[PDB]
């Protein structure tokens, strides 16, 4: 329905950034209110689009430094601050975004997508779990369920 657009929007944004290595962190809210994490960012309350998500994460842009939070079908806020996880199961040699994605997913029902800036690998984190190196069909299948 209106689920299809907006999944399509996210996949084409994720896939675009992947080819190029741009770090991204995007969290989709569900049943656990993230209002306290939204007020740490730049508020947009903007309508979700592939072009806008690309533009939010540009390697040194103002809005790039943190996480984009999604609520409703909108970009609630960009450049948000999440809490990190002192999990040993996060492979180091990475982090920063990866430790904030699992960090937020420990405390929330949310779903977080990460693109690594070093390699271009898409990860996802739910309920404290981090799954590295996902395929395009695996991300779409993971998202469609949401």
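Residue numbers count along the first chain shown, from 1.
**Student:** Look over 19 to 27 and 126 to 134 in the entry and identify the one with the greater average Cα temperature factor.
**Tutor:** Result of the comparison: 126 to 134.
**Student:** Averaging only over Cα atoms, indicate whether 60 to 68 or 75 to 83 has the higher B-factor in the PDB entry.
**Tutor:** On average, C-alpha B-factors are higher across 60 to 68.
**Student:** Between 91, 108, 116, 112, which carries the biggest CA temperature factor in the record?
**Tutor:** Of the candidates given, the C-alpha B-factor peaks at 91.
**Student:** What third of the chain does residue 45 rank in for C-alpha temperature factor, lowest, middle or highest?
**Tutor:** Middle third - that is where residue 45 ends up once the chain's C-alpha B-factors are sorted.
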